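Here's the structure, in structure tokens; my notes come after.
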Amino acid sequence: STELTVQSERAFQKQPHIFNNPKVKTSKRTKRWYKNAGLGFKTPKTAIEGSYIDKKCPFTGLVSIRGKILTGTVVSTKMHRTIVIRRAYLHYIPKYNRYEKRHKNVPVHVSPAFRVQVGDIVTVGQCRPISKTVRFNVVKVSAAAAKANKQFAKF
Amino acid sequence: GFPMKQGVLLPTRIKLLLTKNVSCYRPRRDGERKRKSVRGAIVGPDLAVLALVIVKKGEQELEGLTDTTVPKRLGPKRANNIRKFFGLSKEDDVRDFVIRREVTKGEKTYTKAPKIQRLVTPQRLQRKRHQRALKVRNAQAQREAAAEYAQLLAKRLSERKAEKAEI
Amino acid sequence: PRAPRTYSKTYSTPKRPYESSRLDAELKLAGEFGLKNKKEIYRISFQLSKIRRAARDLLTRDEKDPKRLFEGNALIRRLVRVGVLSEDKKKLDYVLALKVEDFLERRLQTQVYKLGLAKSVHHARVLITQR
Amino acid sequence: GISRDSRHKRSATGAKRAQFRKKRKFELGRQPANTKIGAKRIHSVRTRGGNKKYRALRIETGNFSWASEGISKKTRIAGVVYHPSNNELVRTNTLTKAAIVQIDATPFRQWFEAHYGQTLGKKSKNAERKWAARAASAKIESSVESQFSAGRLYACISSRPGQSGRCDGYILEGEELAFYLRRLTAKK
Amino acid sequence: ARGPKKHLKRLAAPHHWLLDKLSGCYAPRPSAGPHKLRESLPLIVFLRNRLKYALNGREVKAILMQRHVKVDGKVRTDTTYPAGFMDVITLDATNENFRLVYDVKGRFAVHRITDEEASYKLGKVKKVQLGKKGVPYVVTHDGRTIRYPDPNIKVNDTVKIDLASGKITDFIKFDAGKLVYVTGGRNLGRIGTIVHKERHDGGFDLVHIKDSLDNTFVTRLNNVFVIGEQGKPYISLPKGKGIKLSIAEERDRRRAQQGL
RNA sequence: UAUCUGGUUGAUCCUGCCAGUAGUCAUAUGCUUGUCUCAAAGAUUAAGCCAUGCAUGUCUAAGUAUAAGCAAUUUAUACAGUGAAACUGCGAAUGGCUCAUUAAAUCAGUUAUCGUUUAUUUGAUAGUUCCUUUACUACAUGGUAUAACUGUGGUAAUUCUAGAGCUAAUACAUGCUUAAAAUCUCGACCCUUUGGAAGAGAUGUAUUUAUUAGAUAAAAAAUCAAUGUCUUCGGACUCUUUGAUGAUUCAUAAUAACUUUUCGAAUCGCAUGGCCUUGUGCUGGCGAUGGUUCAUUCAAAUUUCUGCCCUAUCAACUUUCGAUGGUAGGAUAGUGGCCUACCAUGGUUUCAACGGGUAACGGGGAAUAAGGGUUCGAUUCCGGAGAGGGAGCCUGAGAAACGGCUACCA
RNA sequence: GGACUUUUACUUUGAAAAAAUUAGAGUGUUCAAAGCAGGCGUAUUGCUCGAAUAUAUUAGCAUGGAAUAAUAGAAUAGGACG
RNA sequence: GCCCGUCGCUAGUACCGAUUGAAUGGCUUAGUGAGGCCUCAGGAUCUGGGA
Ligand SMILES: [Mg+2]
Ligand SMILES: [Mg+2]
Ligand SMILES: [Mg+2]
Ligand SMILES: [Mg+2]
Ligand SMILES: [Mg+2]
Ligand SMILES: [Mg+2]
Ligand SMILES: [Mg+2]
Ligand SMILES: [Mg+2]
Ligand SMILES: [Mg+2]
Ligand SMILES: [Mg+2]
Ligand SMILES: [Mg+2]
Ligand SMILES: [Mg+2]
Ligand SMILES: [Mg+2]
Ligand SMILES: [Mg+2]
Ligand SMILES: [Mg+2]
Ligand SMILES: [Mg+2]
Ligand SMILES: [Mg+2]
Ligand SMILES: [Mg+2]
Ligand SMILES: [Mg+2]
Ligand SMILES: [Mg+2]
Ligand SMILES: [Mg+2]
Ligand SMILES: [Mg+2]
Ligand SMILES: [Mg+2]
Ligand SMILES: [Mg+2]
Ligand SMILES: [Mg+2]
Ligand SMILES: [Mg+2]
Ligand SMILES: [Mg+2]
Ligand SMILES: [Mg+2]
Ligand SMILES: [Mg+2]
Ligand SMILES: [Mg+2]
Ligand SMILES: [Mg+2]
Ligand SMILES: [Mg+2]
Ligand SMILES: [Mg+2]
Ligand SMILES: [Mg+2]
Ligand SMILES: [Mg+2]
């Protein structure tokens, strides 16, 4: 989420230990650190191009992806910088030798390097407990908008 | 029978949490504390006994007090304590100033002295010598191992530069 | 806290309690092999019962399946070992046959009688239990 | 004691949970140092596994880095001036991580004027050499240099006094200094 | 539950020890040491249950306190000292040397080795880090730290270790086609070369293994212990040579040697 | 190891249940009871209550012996054998018991720590400690204060203890030391260059902060500021050094400082030997105990994915006084609304949330044999939880401990 | 090493996998329930086979299949390749 | 022939019901609040600012 302001806190937002020396006249104002999260997830350009802070960003932040790599589909984007995804799955019930639809909602952090919207399929990588409920971080959007522009006005 | 306890103030009894290292309590166990009654440090007619400690003798002699005298049980055991209980400098050599206690084995009187401690000895000096030695000997051996590696690393460079000149 | 001593029982009892044919059938056996119990027959029925079950199972597996080959062979050689399974009929479709009497015939009780040495199954009992 | 379990606390669904087990000491918490300014007072607390933490309560000096000059100096801590977490922390002058302080300037002044021979604000041989090498490097920065004239430099505590007994930080600079000067007056 | 657990219920003992069910209740608990609990062979077990030298546990302490047994060169006097795979056990009296190394059934075999081979060992390097003051060290599967290894030495290579000294005297890279001993899993005990490695970034590389009977199987990396070249092992293997036969093949062997 | 029979009618065929039949690591009770082996057993109700006894203590050649203890001989006038008491160290967090609580909790299988603590075992690991640095610091080794004990006492009464007099250390508390070298800052001077310099300080490890190195996605150029090494004095720089991971601000190192300054052996047992300038000189064997840091091993703590019985006569639930998320802090061993402050309005639900019930600890498993199933698991193994109920906490690597303490209730 | 990849179910084979219980091999506890022993000689100075295998399924992991059943695609061309 | 209900007897079960009835258990507002821990102080005594 983030959007705008960036310096919109009581505390000055900065990536830790990424010093920019005022004496040295640089042409980009703020030096920015990023990383390649691994498992072949391209660190998107919006992160390197970015100016947002977010210490829970998998590419510009102090977290790491390790453990489960799940996909699910976005079902709520009301929380600032974090989303909820629904993970469907059929649960096999032996005696009847058939299945029942089940689901689980899962809370995941979402870097302002991404622009997620309800409906997208999203791949998320497990990280350290990031909050009370969140153990996951949006790592790539295997979607876009789900054809939004293709319902416009009349001819 | 409850004891007085210095510094309570108060002239009665109270119950206190006591710890290690304190009057009127001996801990049975590590970190044990026990809540126990204690008598205050102010004297009243409720005391069975006072404890008094003569500070100045008087005009006349108290019977079994001033007129009898009782020798300390033990003598100095630690080296320098023997020194100070005789004032000797570190020249006199202690072994002859250590106290010796006579004791009869029927028709054999024996003589047992302490066991001086922190006595400077050959065996101690031998172990001081050794320790200082090991540090240095190790240290020297530790550059060698480093130097042998630095070589192994340097003459690896001259194999990845003679390889870079083969092709 | 010590490993369980394991156990299990060694007989099974007829579902139908009072079937007159099975009763005569059982008694005859008892009077032939010097048994004292319906249990000494109950026991063997149970032994047979599992042996057959094993064999039924093995039979459902493909011819020359490893388990079948290995575990069938074993069971056959175990049966031939004690003289219950004839040399000819040595391939488990006849262990699938196999009667109770084939088993009772091989008890020390009977063997002690079969070559004289007692001249009555009961003299054979008494001798054996008497060292 | 203070407990850091999650097992109090409702579930994400909003469910109430039963008590499962009693508090253990391995989920324990202790109370804040709320370390204040002046006259050293530090107590050690024995933490898990052997191990000491040092609980600064009262502190008057810290070790403070002038990052762009690549040096650090120990100064008196004048006082707290801005805090993003709780304004009470400022009013009471409580020292914590992230606190904005004023410090002393005079140790940093003495160094700078000895190292550049320039003096802020307003004759040896090798000394002359070294100074002449420098400059084109002594051009400070308006918003830092002006602070020296007051004898007081804004700085951000970067250590944890309740944890380590140290009250350390860095001089504010550039953008970060811009940010709090704004807050200071645009709240002054 | 409040602290380090100190007993071991017989039945919770590892199976490759071959302790009996009854006669007691507890098994020995491996002391802390060079080898993990569940992949170890406590001295008590070796001196009594394999070698049959002791009858009591009481006589194991008696044997040991005279410093008869020594492991990997050193004496060792702990009854339940954790001996393990590749370690070397020596009885000076009785002039006997042993190496601890696996069956084909996954057990630790009693394996007599010669006096010379009895003075070195192999170590899987488990990690290679840069240590304090810039000194690089390796760490082998039995928890030795060795300063200044060969720069070419990486994790998963095996390593030949003096014993008399601390030092390395040779190493073998983890390459396609190098003699391998399998230490864990079902295929514990099997031996054979290496066909190829499955990668799987982020968890459990797989190592495809073929033996000298053109028989193939797989294990997690973790379970693969390099020990030489196709042909050339760097230690002597137990009889069987880690080949594993079907229950049929093993039946036929055992009933082929039948006529007294 | 795929079987049924009796009972509705006058008789009949059905539906349908009652009854019969068989097993039960399934309990009780009754009658009866000779032999072998095997051997469960106060779970169910009352995690109700408990007289008495026992269930945790522990010493190697190798921390402390002046027992006014025993022993004598055997070299021992400091000690030296043996050894009560006591100090010191370690252990008492294991084991054993029970099943009250507990329903997304526990637990299982499967994960994670790039999210931490870790006594011990094992393997590595320490030349730096003082000081304006010639009249110099105990290192051939610095300080007392205590038990036991002696002796004077108190109370009906306990593993209660007071006043007085002694004396130990691997207890307590202090406190010296070692090679050479290189790199840094300063800099008395001298002389104008292109500039150089004697000599002065600093640099163990750990702590805290800030800063930098930690390259590598194939190749090349110009310029600014500082400024390295080699001149055939216009200039060149030629070879230029790099660890791991899927991934890091990783491992490791460098700069400026910081600290009521961590560690850097004032210890013990056996042997007594070399060496010459003959000082009781200087050296020196085997291994104990300790010690900082890293590794290892025994662990721990959290943790990902999925899986629980009945219930809608429980449909909406969650933020009171954190419910869901963001920033900062505080606290923790450490992540995290764990807690606080500011800010926002989120989070779960017919794919059953939330609530209620459970005569519910979970699992490995048990019973029943066509198959599919049904029912059970307090209970020999793994995990969890508890010690009459609650809470608090001391010691310690480890306890929110109960054969530990503190408080309240009973 | 780079640069990018519609998404699922199902099925296969395999890894990871506690013992005890269960199924089951070997062995004459005198038989048997058991146990994991034991068996050969120079029975005077020791030789030797063992202590298997199967099941272990939902979920997660890894591989092969591409039928059956879903998902996504280019129509205001904001399509595809260079 | 069968057969329905009121009414009467004996015995049993469960329902309703004044008693704003009673008991056990789990949570819990408000008020009072032990104790240890942490902290501002204190200073019997006892040392070289510290205990
Ligand atoms: Mg929001
Ligand atoms: Mg001494
Ligand atoms: Mg406080
Ligand atoms: Mg043990
Ligand atoms: Mg991993
Ligand atoms: Mg009738
Ligand atoms: Mg009739
Ligand atoms: Mg009629
Ligand atoms: Mg019935
Ligand atoms: Mg009970
Ligand atoms: Mg019971
Ligand atoms: Mg009752
Ligand atoms: Mg004596
Ligand atoms: Mg226990
Ligand atoms: Mg004192
Ligand atoms: Mg100490
Ligand atoms: Mg570069
Ligand atoms: Mg690199
Ligand atoms: Mg680092
Ligand atoms: Mg001599
Ligand atoms: Mg109801
Ligand atoms: Mg937050
Ligand atoms: Mg709201
Ligand atoms: Mg429902
Ligand atoms: Mg219950
Ligand atoms: Mg159950
Ligand atoms: Mg159970
Ligand atoms: Mg119960
Ligand atoms: Mg407990
Ligand atoms: Mg009770
Ligand atoms: Mg309560
Ligand atoms: Mg308790
Ligand atoms: Mg206990
Ligand atoms: Mg499978
Ligand atoms: Mg098995």
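All residue names refer to the structure tokens as shown: chains lettered A, B, ... in order, residues numbered from 1 in each chain, ligands numbered from 1 in order.
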
Query raised in the report: Got a sec to pull out which chain G residues are within 12 Å of chain C, counting only C-alpha atoms (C1' of nucleotides), and send them as a PyMOL selection string?
Result: chain G and resi 19-26+28+30-35+53-54

Query raised in the report: Do you know which residues are at most 12 Å from residue H:27 counting only C-alpha atoms (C1' of nucleotides), after dropping those on the same chain fewer than 5 positions away, and could you put them as a ChimeraX atom specification?
Result: /D:16-19

Query - Protein and nucleic residues near ligand 1, 7 Å, only C-alpha atoms (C1' of nucleotides) and all ligand atoms, as a VMD selection string - result: (chain A and resid 78 to 80) or (chain F and resid 325 344 to 346)

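In this model, the gap between atom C1' of residue F:36 and atom CA of residue C:128 comes to 15.5 Å.
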
Query raised in the report: chain C: which residues are helix (DSSP H, G or I) by DSSP, as JSON, numbers by chain?
Result: {"C": [20, 21, 22, 23, 24, 25, 26, 27, 28, 29, 30, 31, 32, 33, 39, 40, 41, 42, 43, 44, 45, 46, 47, 48, 49, 50, 51, 52, 53, 54, 55, 56, 57, 58, 59, 60, 66, 67, 68, 69, 70, 71, 72, 73, 74, 75, 76, 77, 78, 79, 80, 81, 100, 101, 102, 103, 104, 108, 109, 110, 111, 112, 113, 114, 121, 122, 123, 124, 125, 126, 127, 128, 129]}

**Report entry** Close residues to ligand 18 using only C-alpha atoms (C1' of nucleotides) and all ligand atoms, limit 7 Å, as an MDAnalysis selection string
**Finding:** chainID F and resid 215 242:243

Report task. Using only C-alpha atoms (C1' of nucleotides), select each residue of chain B with any atom at most 8 Å away from an atom of chain H, and give the selection as a list in words. Result -> residues 6, 7, 8 and 9 of chain B

**Report entry** Close residues to ligand 2 using only C-alpha atoms (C1' of nucleotides) and all ligand atoms, limit 10 Å, as an MDAnalysis selection string
**Finding:** (chainID B and resid 78:79 115:120 124) or (chainID F and resid 63:64 168:170 266:268)

Would you export the selected residues with N, CA and C atoms (P, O5', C5', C4', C3', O3' and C1' of nucleotides) as a PDB file, in the first residue's frame, please?
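For reference, result_39.pdb as written:
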```pdb
ATOM      1  N   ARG B  78      47.937 -19.601  56.842  1.00  0.00           N
ATOM      2  CA  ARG B  78      48.376 -18.983  55.610  1.00  0.00           C
ATOM      3  C   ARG B  78      49.726 -18.298  55.767  1.00  0.00           C
ATOM      4  N   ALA B  79      50.566 -18.387  54.738  1.00  0.00           N
ATOM      5  CA  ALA B  79      51.969 -17.970  54.839  1.00  0.00           C
ATOM      6  C   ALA B  79      52.132 -16.594  55.458  1.00  0.00           C
ATOM      7  N   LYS B 115      49.872 -26.570  57.791  1.00  0.00           N
ATOM      8  CA  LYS B 115      50.169 -26.866  56.401  1.00  0.00           C
ATOM      9  C   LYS B 115      50.110 -25.487  55.801  1.00  0.00           C
ATOM     10  N   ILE B 116      51.264 -24.851  55.692  1.00  0.00           N
ATOM     11  CA  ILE B 116      51.307 -23.491  55.196  1.00  0.00           C
ATOM     12  C   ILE B 116      50.717 -23.420  53.804  1.00  0.00           C
ATOM     13  N   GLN B 117      50.020 -22.334  53.521  1.00  0.00           N
ATOM     14  CA  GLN B 117      49.403 -22.192  52.220  1.00  0.00           C
ATOM     15  C   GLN B 117      49.800 -20.863  51.629  1.00  0.00           C
ATOM     16  N   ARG B 118      49.770 -20.783  50.300  1.00  0.00           N
ATOM     17  CA  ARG B 118      50.304 -19.637  49.565  1.00  0.00           C
ATOM     18  C   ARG B 118      51.783 -19.534  49.910  1.00  0.00           C
ATOM     19  N   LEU B 119      52.357 -20.673  50.253  1.00  0.00           N
ATOM     20  CA  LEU B 119      53.781 -20.737  50.468  1.00  0.00           C
ATOM     21  C   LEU B 119      54.436 -20.806  49.103  1.00  0.00           C
ATOM     22  N   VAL B 120      55.404 -19.940  48.865  1.00  0.00           N
ATOM     23  CA  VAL B 120      56.081 -19.959  47.589  1.00  0.00           C
ATOM     24  C   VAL B 120      57.089 -21.105  47.629  1.00  0.00           C
ATOM     25  N   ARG B 124      55.498 -24.757  42.774  1.00  0.00           N
ATOM     26  CA  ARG B 124      54.685 -23.655  42.239  1.00  0.00           C
ATOM     27  C   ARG B 124      55.430 -22.900  41.134  1.00  0.00           C
TER      28      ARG B 124
ATOM     29  P     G F  63      41.548 -32.263  44.453  1.00  0.00           P
ATOM     30  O5'   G F  63      41.675 -30.905  45.260  1.00  0.00           O
ATOM     31  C5'   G F  63      42.513 -29.886  44.752  1.00  0.00           C
ATOM     32  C4'   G F  63      42.128 -28.533  45.274  1.00  0.00           C
ATOM     33  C3'   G F  63      42.146 -28.383  46.778  1.00  0.00           C
ATOM     34  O3'   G F  63      43.452 -28.145  47.275  1.00  0.00           O
ATOM     35  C1'   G F  63      40.118 -27.535  45.945  1.00  0.00           C
ATOM     36  P     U F  64      43.971 -28.879  48.609  1.00  0.00           P
ATOM     37  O5'   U F  64      43.138 -28.177  49.765  1.00  0.00           O
ATOM     38  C5'   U F  64      43.102 -26.763  49.851  1.00  0.00           C
ATOM     39  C4'   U F  64      42.199 -26.301  50.956  1.00  0.00           C
ATOM     40  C3'   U F  64      42.335 -27.045  52.272  1.00  0.00           C
ATOM     41  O3'   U F  64      43.433 -26.606  53.037  1.00  0.00           O
ATOM     42  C1'   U F  64      40.052 -26.756  51.753  1.00  0.00           C
ATOM     43  P     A F 168      44.463 -18.578  58.452  1.00  0.00           P
ATOM     44  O5'   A F 168      43.828 -19.816  57.688  1.00  0.00           O
ATOM     45  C5'   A F 168      43.302 -19.691  56.379  1.00  0.00           C
ATOM     46  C4'   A F 168      43.232 -21.030  55.695  1.00  0.00           C
ATOM     47  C3'   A F 168      42.829 -20.984  54.234  1.00  0.00           C
ATOM     48  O3'   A F 168      43.958 -20.766  53.416  1.00  0.00           O
ATOM     49  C1'   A F 168      41.540 -22.620  55.371  1.00  0.00           C
ATOM     50  P     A F 169      43.899 -19.703  52.229  1.00  0.00           P
ATOM     51  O5'   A F 169      43.464 -20.591  50.994  1.00  0.00           O
ATOM     52  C5'   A F 169      43.884 -21.946  50.902  1.00  0.00           C
ATOM     53  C4'   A F 169      43.023 -22.706  49.937  1.00  0.00           C
ATOM     54  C3'   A F 169      42.778 -21.968  48.632  1.00  0.00           C
ATOM     55  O3'   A F 169      42.629 -22.892  47.568  1.00  0.00           O
ATOM     56  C1'   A F 169      40.725 -22.305  49.735  1.00  0.00           C
ATOM     57  P     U F 170      43.456 -22.618  46.232  1.00  0.00           P
ATOM     58  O5'   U F 170      42.391 -22.754  45.061  1.00  0.00           O
ATOM     59  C5'   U F 170      41.992 -21.629  44.291  1.00  0.00           C
ATOM     60  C4'   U F 170      40.651 -21.866  43.645  1.00  0.00           C
ATOM     61  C3'   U F 170      39.542 -22.297  44.601  1.00  0.00           C
ATOM     62  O3'   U F 170      38.291 -21.855  44.073  1.00  0.00           O
ATOM     63  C1'   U F 170      39.871 -23.985  43.003  1.00  0.00           C
ATOM     64  P     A F 266      46.241 -15.631  37.820  1.00  0.00           P
ATOM     65  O5'   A F 266      47.279 -15.679  39.024  1.00  0.00           O
ATOM     66  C5'   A F 266      48.212 -16.735  39.145  1.00  0.00           C
ATOM     67  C4'   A F 266      48.566 -17.001  40.584  1.00  0.00           C
ATOM     68  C3'   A F 266      47.598 -17.892  41.366  1.00  0.00           C
ATOM     69  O3'   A F 266      48.350 -18.744  42.212  1.00  0.00           O
ATOM     70  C1'   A F 266      47.944 -15.892  42.530  1.00  0.00           C
ATOM     71  P     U F 267      48.881 -20.146  41.665  1.00  0.00           P
ATOM     72  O5'   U F 267      47.689 -21.140  41.973  1.00  0.00           O
ATOM     73  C5'   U F 267      46.911 -21.000  43.145  1.00  0.00           C
ATOM     74  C4'   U F 267      45.963 -22.151  43.235  1.00  0.00           C
ATOM     75  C3'   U F 267      46.646 -23.502  43.296  1.00  0.00           C
ATOM     76  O3'   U F 267      47.005 -23.860  44.611  1.00  0.00           O
ATOM     77  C1'   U F 267      45.001 -23.536  41.608  1.00  0.00           C
ATOM     78  P     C F 268      48.237 -24.845  44.862  1.00  0.00           P
ATOM     79  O5'   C F 268      47.685 -26.264  44.428  1.00  0.00           O
ATOM     80  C5'   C F 268      46.687 -26.916  45.182  1.00  0.00           C
ATOM     81  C4'   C F 268      46.307 -28.218  44.537  1.00  0.00           C
ATOM     82  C3'   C F 268      47.439 -29.163  44.218  1.00  0.00           C
ATOM     83  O3'   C F 268      47.935 -29.849  45.346  1.00  0.00           O
ATOM     84  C1'   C F 268      46.027 -29.038  42.363  1.00  0.00           C
TER      85        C F 268
END
```

Requested in this report: Around ligand 3, at most 12 Å away and counting only C-alpha atoms (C1' of nucleotides) and all ligand atoms, which residues are there? Put them as a PyMOL selection string, please.
Outcome: (chain D and resi 30-36+55-57+94+162) or (chain F and resi 330-331) or (chain H and resi 37-40)

**Report entry** Contacts to ligand 24 at 9 Å cut-off (only C-alpha atoms (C1' of nucleotides) and all ligand atoms) as a PyMOL selection string
**Finding:** chain F and resi 311-312+350+352

Please, could you write that set of residues out with C-alpha atoms (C1' of nucleotides) as a PDB file, in the first residue's frame?
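Result went into part.pdb, see below:
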```pdb
ATOM      1  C1'   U F 311     -24.337 -29.569  19.099  1.00  0.00           C
ATOM      2  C1'   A F 312     -28.373 -24.336  15.139  1.00  0.00           C
ATOM      3  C1'   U F 350     -23.612 -21.773   6.086  1.00  0.00           C
ATOM      4  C1'   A F 352     -20.751 -23.586  10.230  1.00  0.00           C
TER       5        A F 352
END
```

**Report entry** Expected selection as a list in words for ligand 8 within 12 Å, only C-alpha atoms (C1' of nucleotides) and all ligand atoms
**Finding:** residues 9, 10 and 11 of chain F

Query - 9 Å shell around ligand 14 using only C-alpha atoms (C1' of nucleotides) and all ligand atoms, listed as a PyMOL selection string - result: (chain E and resi 1+5) or (chain F and resi 94-97)
